[PDB]
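The structure under discussion appears below in the form of structure tokens.
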Amino acid sequence: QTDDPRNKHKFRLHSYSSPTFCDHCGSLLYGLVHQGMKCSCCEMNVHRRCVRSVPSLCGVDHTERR
Ligand SMILES: [Zn+2]
Ligand SMILES: [Zn+2]
Numbered sequence: 094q095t096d097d098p099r100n101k102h103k104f105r106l107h108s109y110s111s112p113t114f115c116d117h118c119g120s121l122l123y124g125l126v127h128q129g130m131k132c133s134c135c136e137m138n139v140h141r142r143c144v145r146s147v148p149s150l151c152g153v154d155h156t157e158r159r
């Protein structure tokens, strides 16, 4: 409850109203997730079974020159 580890994206199913499209398959998030699993670290919407297919590449930010 103090050390911050690092694993795959922190996908988290949110709730807006309609399901968003998937970024791994490009298919609406229907019959797969209540709404959509948005990564609470880099902002990445995916399905509930497409995460096991993602190579886990979280930590993609901008302004990395310095
Ligand atoms: Zn991410
Ligand atoms: Zn998907």
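Numbering of the sequence shown is given in the entry's author numbering, commencing with residue 94 and proceeding in unit increments. Think of the CB as a built atom: it goes at the ideal place given N, C-alpha and C, for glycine as much as any other residue.
Per-residue DSSP class, three states only, for residue i
i	result
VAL153	coil
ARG99	coil
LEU121	strand
heavy atom of ligand 2 below 7 Å from residue i C-beta
i	result
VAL139	yes
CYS118	yes
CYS143	yes
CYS115	yes
Whole-Å CB distance - residue i paired with residue j, under 8 Å assumed
i	j	result
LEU121	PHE114	6 Å
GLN128	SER108	5 Å
Which residues DSSP lists as bridging residue i, in chain order
i	result
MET130	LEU106, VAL139
Residue i: CB within 7 Å of a non-hydrogen atom of ligand 1
i	result
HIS155	no
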